[PDB]
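An overview of the molecular structure
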Amino acid sequence: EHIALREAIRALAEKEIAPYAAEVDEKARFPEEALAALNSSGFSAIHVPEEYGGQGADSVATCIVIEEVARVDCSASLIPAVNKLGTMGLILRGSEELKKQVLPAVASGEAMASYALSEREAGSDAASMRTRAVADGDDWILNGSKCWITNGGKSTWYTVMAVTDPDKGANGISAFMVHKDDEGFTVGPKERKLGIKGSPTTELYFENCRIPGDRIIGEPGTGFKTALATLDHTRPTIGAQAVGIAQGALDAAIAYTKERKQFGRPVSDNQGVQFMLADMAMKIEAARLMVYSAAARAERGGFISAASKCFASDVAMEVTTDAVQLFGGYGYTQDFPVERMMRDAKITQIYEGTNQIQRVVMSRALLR
Amino acid sequence: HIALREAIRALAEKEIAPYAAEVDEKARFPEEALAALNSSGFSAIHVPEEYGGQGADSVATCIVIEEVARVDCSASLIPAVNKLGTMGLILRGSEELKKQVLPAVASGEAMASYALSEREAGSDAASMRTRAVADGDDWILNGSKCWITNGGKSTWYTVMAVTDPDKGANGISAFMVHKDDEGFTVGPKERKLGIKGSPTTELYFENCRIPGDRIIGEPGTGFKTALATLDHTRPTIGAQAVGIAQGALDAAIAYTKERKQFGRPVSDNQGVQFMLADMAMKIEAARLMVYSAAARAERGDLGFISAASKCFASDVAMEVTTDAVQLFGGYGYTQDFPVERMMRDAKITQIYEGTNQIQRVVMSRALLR
Amino acid sequence: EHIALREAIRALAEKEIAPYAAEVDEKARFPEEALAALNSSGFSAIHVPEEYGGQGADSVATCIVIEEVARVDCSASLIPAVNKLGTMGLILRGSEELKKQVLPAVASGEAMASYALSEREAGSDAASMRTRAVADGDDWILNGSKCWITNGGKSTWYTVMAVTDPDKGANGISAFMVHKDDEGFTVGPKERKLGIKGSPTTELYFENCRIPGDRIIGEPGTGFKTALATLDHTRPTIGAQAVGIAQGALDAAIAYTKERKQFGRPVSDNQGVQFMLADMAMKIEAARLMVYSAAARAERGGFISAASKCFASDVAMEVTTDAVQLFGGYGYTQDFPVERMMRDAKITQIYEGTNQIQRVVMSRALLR
Amino acid sequence: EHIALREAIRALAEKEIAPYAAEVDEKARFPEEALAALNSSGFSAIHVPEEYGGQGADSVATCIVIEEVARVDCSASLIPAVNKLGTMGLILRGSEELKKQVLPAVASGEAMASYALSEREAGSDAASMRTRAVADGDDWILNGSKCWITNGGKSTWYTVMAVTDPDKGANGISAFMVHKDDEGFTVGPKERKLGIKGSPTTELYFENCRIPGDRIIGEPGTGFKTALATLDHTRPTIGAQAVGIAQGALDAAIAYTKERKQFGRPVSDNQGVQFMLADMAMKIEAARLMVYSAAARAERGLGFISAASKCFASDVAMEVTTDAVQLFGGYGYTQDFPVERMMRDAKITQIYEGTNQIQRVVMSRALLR
Ligand SMILES: Cc1cc2c(cc1C)N(C[C@H](O)[C@H](O)[C@H](O)COP(=O)(O)OP(=O)(O)OC[C@H]1O[C@@H](n3cnc4c(N)ncnc43)[C@H](O)[C@@H]1O)c1[nH]c(=O)[nH]c(=O)c1N2
Ligand SMILES: Cc1cc2c(cc1C)N(C[C@H](O)[C@H](O)[C@H](O)COP(=O)(O)OP(=O)(O)OC[C@H]1O[C@@H](n3cnc4c(N)ncnc43)[C@H](O)[C@@H]1O)c1[nH]c(=O)[nH]c(=O)c1N2
Ligand SMILES: Cc1cc2c(cc1C)N(C[C@H](O)[C@H](O)[C@H](O)COP(=O)(O)OP(=O)(O)OC[C@H]1O[C@@H](n3cnc4c(N)ncnc43)[C@H](O)[C@@H]1O)c1[nH]c(=O)[nH]c(=O)c1N2
Ligand SMILES: Cc1cc2c(cc1C)N(C[C@H](O)[C@H](O)[C@H](O)COP(=O)(O)OP(=O)(O)OC[C@H]1O[C@@H](n3cnc4c(N)ncnc43)[C@H](O)[C@@H]1O)c1[nH]c(=O)[nH]c(=O)c1N2
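Residues numbered from 1 in each chain as written, not as in the entry; some residues may be left out. Chains lettered and ligands numbered in written order. Heavy atoms only, no water. Residues with missing side-chain atoms left out of burial classes, pairs and counts.

Structure determination for the deposited model, as stated in its record, used X-ray crystallography, and the stated resolution is 2.1000 Å.

As structure tokens, this is what we get:
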């Protein structure tokens, strides 16, 4: 049934998404065509449970959607990937009352969700965040700022971490759902980036941002716990994204090298090139299987998830650098897509925990 | 599958691991492993149940090979070569011939070898020179083979020989040869880098007459059957490599936690932590791709995935075992610890059942199809 | 002596080139400030012999100039690197009469030179070029086109290879000096590129382009020999450029990781980060030494030059990918330069012969 | 001068050393033929200053000798590499009076020297050594033990580090010349090893080993400082050894792949093989140039470059020798050819004279200073 799912999303991606991926990048503009196609086909947030009108897709299927979209446009693949990132905490730990306000809109395609953890002085060290939430009667008052927020300015709902008790450290962070129209909440300017150019990446500001008491996810002081829980059920989807990029770059190189002739023969006739292609495909398949395994394990209940994400992203970086190479001069131009794929691949090694952090998680598990 | 793993690991750690050092040091057959594998029925679990076998699925067979290789790679070649030396027969042999051979392999009474390579026909196996000529209702084998794993310990041998020099690879046939067939002899063993205890021998055929029913499938399909065999066996060498790497990593985690320099375990250093993470991450990717390739082989382009799984796992093992020696420091460079042997053993996995260059030829041909 | 030279070029590069490098990339425009500073300091073409008013510098000194410029702006470094690429053939084999017309202007900074070998269907396989030259009276008539031409539209002089006898293969190719003002010579559109964005990269067209008989370089039929000789004396300079990029990336990462704190300490206090920095610096220094050795050997009169170029560029691709990684999220933005350095490093593996071609060259020598 | 030196050592090594290398390794016995030839040709310790009867060769020339010996026999290359390691401290910091006693014998080939720093609990963390030296009138009494000692049992002179003040940490360590005939000094059993098998690698024991006051190198408490300075001047020579091993591996692979024919053509006719050969040679030359640069700078008047030269070259040798075994296929995995031994030998170069993890500590400290 994943065979059929893959055929469906690939057909959708190639027809409605792929033709605009070069513009989305070149012009650094939101992938609107992709959003419309994902929303109307119901592929924008398949992970949302059926109870809220979602597909209730299993975790492997969700990875397959992200991977197949990323295979033609990595900025577009951040629509389903951050929809998951921005709703996973709520799903796992949120109250039914809160879930009902948010999930049906994400499930139906009416709203996107973003995830707001990071701050200028708190990236890898997320627990040193400075944004705070102070109770005030029935409300929470948010003050501070966040940065690196994917789909900032396009999302309707934001999962936002803030300090509710500074003296409890990691155990004094809470998570809140913030709506875009909430007073005191503003979206900052977009970053200029190496790749995923069309994906808006913004600062956010909270100046006495008053939100209802029902917006808190779980008990106060459980926000960091929830952040870690979020990442366990999302890191493989960034692995799936890296796998898709890699696959698209390999697909392009195979097609091009077969058709491009030098020395009176296809450049793919040269065993140096054949071996490079083999190495790219071998590692992509290994990375894909570890992604799916990590995803299936997460669903059923740190090592495998960090591994799947670290490995697939390392693989995508090598594969896309090789794919640019196999096109020769044309690979270095915007006329072909592999140049964009290479710039996009680099982010997968950085967000949803840097690959150095993934190695920290992995080694801690091995050595415990 | 978990219960299988627990059972084979216990046997390997209890009955095989204590002899692994001496197996290598003396370059002598792992007899203790053979007795334990044979009597607990772990030596050839792939043989179909119709012939007295466990009829285990191909992933189960990989897990057995992997868990044995984790403690002794020479020993792992008992089940791995039991499979190599019977797979052609299982795939393409007649009931009449299968019934003669497989029950003894199924029971642990007989090991099987696979005799394909010659001095001048390694990668280019189709250029082999050993001949088979039809005589009445018999075949007369003349020639020699080399690099034959478990040579001199095996009872049954799958031998390829030319039936028609004119027909190229379409003029190769495959035959089951028995240790007691007259004019069949075993030559000297190779002096090797690793898997030192696995006998690796030449074989001689001197007017070696065998019954006509010994042929596997039709005359001239022997190379085709050789290629199909590798499709179904390449992942098991992947599994072997995964096992070796796992054992090297297990030894390095245990040792780096215990060994202290500068007032703390050597594992306390982030450079060592990252290297351990790299080892484990890559081992798990290799493992999953081995099991996937095995699952797909059993169900019926296995070409790409089986070559991939063998090539990647063996590359991973080489890197992991090189690292594990490194993590022990000077002790890792001594025979006092097993990681030195593990490194030496890991190297063969990149070479046999198709060198990793040949694996890349198979993979790229599939992609460029 | 070279120490003094390195100090001078570095000071020049820091003060007059570096402040414009971001803008040169972001606006994809020619590094005009770098041109003015290099021309007036006399750093634009120091390889030109003294006989023509040039500096007459040794080949290592030329590499150090290219390296130190590439350390702050790769597009800018193509000024001296392609001034060299576009005059070496002439210098090695051209008549005195021809050299007197071209070289003094390049030496004085009045003219830039370009090198025009490649065509759409003749890249790695340059010998299959289709641009034609036909003798007509005392002149040559050139017809056809070239592409990938660095500094196209900015150069005054172009070294152009063309077929003079179609039946002689590589031995029926000649090389000619073409002047930007020659009738029937026109410059095409600029490529849109992954990196080195400010370096113009253009098609050229020859439409009954009539040039004097004195424009041929050496004897008819020796043009390809002269192209191969050029690469022998230029490939180490692309190694030098890749060393420069890598060094700038490493300088950046050292400065940033010392100042950026997470978990209460500089990120450079992590041993994984320390080891990565050690790896970058070790490979850079190996690459640098092999470049200078190739340069010294070429100048005193295939393997070492191909090795110096392949190795340094593979190193720079690795080092710049790591430098982006070590800046974390900031590395992925245009606010810092490591992202530009990564995009730029990729070209070094492709031009003046792809690293695959370099391995053809090397293995042929080993196996001779 | 260097072109000629290289030619002279290469010819000597090919004639007098190469023919014995396989036996030295296989039988784990000292390379006696190489010692005799290096001694009588005057190549055993060319770094020794002219003032003590030595050749007084520059540091690049000393690397070239070590490199070209290592190219055919790594164990034999440890004669001049360790003759340098076990005298450099003395040369740099010792009194004229002591130098005159030790250096002429090393210069003339009458004596080998060893370096005795490491202990079972003091490897990377050498400053935590436990061997003590106690003053007794004008003399010193040594008590403790060393391990990992190359050429132990063969050397005549040993540079030994010992604690002279347990309260001063690293500044409580001293260095002493110990003679093989000093009473209370004994040599323990040899390690069994992955490679450099013919190189003796021993424990040493000091039991009330009384030595004269003139045997101390430099002032008391500066022995560890002397250890660090020594490594600055010797690390490139292990880079040079790794470069020789890799060069021998590459040379062997070139000659072999050109002559081994499969599929109707030399195996070197395949581009995947050509490219690997190209990668091997390119990295070897980069490694060589950095070693010579490191050596040349050490001589002139260094932390970063000596560590980089050794780390890079040893990493290169490990990759290159793993590749060279691969390129021989089956034959590479056998003792019939030398690439298997070269592979085993390469591994030590990443470990001794400071592991490559320690080299990265040293490099990164210099970068972040
Ligand atoms: C385009 C884009 C998009 C997103 C994001 C980033 C970017 C660039 N992120 C933020 C992302 O998760 C974040 O960038 C990483 O956690 C890394 O943090 P810093 O950028 O602060 O680097 P930081 O300063 O943490 O790291 C600097 C370098 O040091 C290394 N390092 C740090 N600690 C180390 C340690 N203990 N050991 C070894 N090395 C260590 C790092 O690996 C890195 O190489 C995000 N966030 C969010 O909340 N919502 C979002 O939607 C997104 N989306
Ligand atoms: C920005 C920029 C700037 C310049 C240039 C290019 C670019 C992109 N070049 C042209 C450059 O030298 C050219 O891109 C390369 O020679 C490769 O040619 P193709 O782009 O046609 O790739 P091509 O189609 O040759 O190669 C495609 C792939 O096949 C591989 N391949 C080809 N043959 C192979 C073989 N036999 N064995 C193994 N692999 C093989 C290649 O390595 C590559 O990965 C140039 N030119 C010029 O005349 N003047 C200039 O100034 C410049 N400058
Ligand atoms: C210990 C041991 C155990 C066994 C075996 C070997 C060994 C060493 N073998 C034999 C094994 O399968 C054989 O060694 C390989 O197929 C390679 O053949 P050669 O050793 O002749 O190397 P060969 O000479 O074919 O290869 C030499 C080098 O050239 C490369 N090469 C060759 N052709 C190439 C091409 N077209 N493109 C790129 N590169 C190419 C190879 O990759 C290798 O690097 C075997 N056999 C058997 O019948 N029964 C058994 O039980 C075993 N077991
Ligand atoms: C054959 C042979 C020959 C010689 C030598 C060894 C051998 C095997 N040695 C000793 C050698 O120098 C010694 O093995 C190394 O210094 C490493 O010490 P240990 O073996 O105790 O490993 P140790 O236990 O120190 O290291 C184990 C692992 O931990 C790692 N590690 C340790 N500290 C670390 C840190 N701070 N950060 C990151 N990683 C760290 C190491 O890199 C290694 O990977 C020697 N000695 C001598 O005195 N005279 C001699 O002649 C020779 N000869």
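**Structural notes on the packing of helix α9 (residues 235-259) of chain A against helix α12 (residues 338-347) of chain A**
Residue and element names in this part refer to chain A. The condition that has to hold: Fitted lines through C-alpha atoms give the axes, limited to the stretch in contact for helices. The angle between two N-to-C directions lies from 0 to 180 degrees. Elements are defined by DSSP. Helices are runs of H or I of four residues or more, strands are runs of E of two residues or more, and each kind is numbered from the N terminus. The cut-offs work like this: below 35 degrees is roughly parallel, past 145 is roughly antiparallel, 65 to 115 is roughly perpendicular, and the gaps in between are oblique. Two helices cross in a left-handed way if the nearer one is turned anticlockwise from the farther one by less than a right angle. They cross in a right-handed way if the turn is clockwise. For this analysis, residues touch if any pair of their heavy atoms sits within 4.5 Å. Each residue receives one of three labels: charged for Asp, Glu, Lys and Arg, nonpolar for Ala, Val, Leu, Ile, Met, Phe, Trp, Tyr, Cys and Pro, and polar for the others, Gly being one of them.
Here α9 crosses α12 at 160 degrees, and the two axes come no closer than 10 Å. Compared by their axis directions, α9 and α12 come out roughly antiparallel. In terms of crossing hand, the pair formed by α9 and α12 is left-handed. For the pair formed by α9 and α12, the contact residues are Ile-245, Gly-248, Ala-249 and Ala-252 on the first element and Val-338, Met-341, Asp-344 and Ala-345 on the second. For the contact of α9 with α12, the class distribution of residues is six nonpolar, one polar and one charged.

**Notes on the interface of chain A and chain C**
Taken together, the contact pairs 42 residues of chain A with 42 residues of chain C. Mapped by element, the contributors of at least two residues to the side of chain A that touches chain C are α11 (303-326), α12 and α13 (355-367) of chain A. Top contributing element to the side of chain A that touches chain C by residue count: α12(A), with six residues. Here the side of chain A that touches chain C is composed, by residue class, of 14 nonpolar, 15 polar and 13 charged.

**Here's the deal with the packing of aromatic side chains**
To keep it simple, the criterion reads: Aromatic rings from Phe, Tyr and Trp, taking only the six-membered ring of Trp, are treated as a pair when their centres fall within 6.5 Å; an angle between ring planes under 30 degrees marks them as stacked, one over 60 as edge-to-face, and anything in between as tilted. Each residue is placed in one exposure class: buried if its accessible area under a 1.4 Å probe, protein chains only, is under 20% of its type's maximum, exposed if it is over 50%, and partly exposed if it falls in between.
Scanning the entire structure with this criterion turns up 32 aromatic pairs over all chains. Arranged with centres 5.2 Å apart and planes meeting at 80 degrees, the rings of A:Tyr330 and C:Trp148 form a pair that is edge-to-face. With A:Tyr330 in the loop between α11 and α12 and C:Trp148 in strand β3 (residues 139-150), this residue pair bridges two chains. Overall, C:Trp148 belongs to the partly exposed group, its relative accessible area being 23%.

**Concerning the site of ligand 3**
Operational definition: Nearness of a residue to a molecule or strand requires only that one of the residue's heavy atoms be within 4 Å of it. As used in this structure description, the phrase polar contact means that two N or O atoms lie within 3.5 Å; if the pair is within protein, one of them must be able to donate a hydrogen and the other to accept it, and residues adjacent in sequence are counted only when both atoms belong to side chains. Accessible surface is estimated by sampling points in the Shrake-Rupley manner with a 1.4 Å probe; for residues, cover comes only from the protein chains shown.
Lining the immediate environment of ligand 3, one finds 29 residues, of which B:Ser117, B:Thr355, D:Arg260, D:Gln326 and D:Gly330 sit closest. What surrounds ligand 3 is not a single chain but chains A, B and D. Note that an oxygen atom of ligand 3 is positioned 2.6 Å from one of the side-chain N or O atoms of D:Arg260. Separating an oxygen atom of ligand 3 from a backbone N or O atom of D:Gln326 is a distance of 2.7 Å. When the free accessible area of ligand 3 is taken as 980 Å², the share hidden by the protein chains comes to 96%. Contributions of two or more residues to the shell around ligand 3 are made by β1 (112-115) and β3 (138-149) of chain B together with α8 (303-327) of chain D. For the shell around ligand 3, the element with the most residues is β3(B), which contributes three residues.

**Some details on unusual backbone geometry**
In most cases, non-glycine residues show a negative phi, while peptide bonds are predominantly trans. Positive phi, normally seen in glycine, also occurs at A:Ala28, with a value near 50 degrees. Inspection of the secondary structure puts A:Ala28 in the loop between α2 (21-26) and α3 (32-41). We classify A:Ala28 as partly exposed; its relative accessible area is 38%. Phi is positive for D:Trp148, close to 70 degrees, though the residue is something other than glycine. In this structure, D:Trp148 sits in strand β3 (residues 139-150).

**Points about the domain arrangement of chain A**
Residue and element names in this part refer to chain A. This is how the line gets drawn: Start and end points for every domain follow an automatic or database-based domain assignment.
For chain A, the domain assignment lists domain 1 (1-112), domain 2 (113-219) and domain 3 (222-367). Of note, the centres of domain 1 and domain 2, computed from C-alpha atoms alone, are 22 Å apart. With 28 residues of domain 1 in contact, the opposing surface of domain 2 contributes 22 residues. Listing elements by their share of the side of domain 1 that touches domain 2, those giving two or more residues are α2, α5 (74-85), α6 (88-93) and α7 (96-108). Take the side of domain 1 that touches domain 2: its biggest share by element is seven residues, from α5. Looking at side-chain class alone, the side of domain 1 that touches domain 2 contains 15 nonpolar, seven polar and six charged residues.

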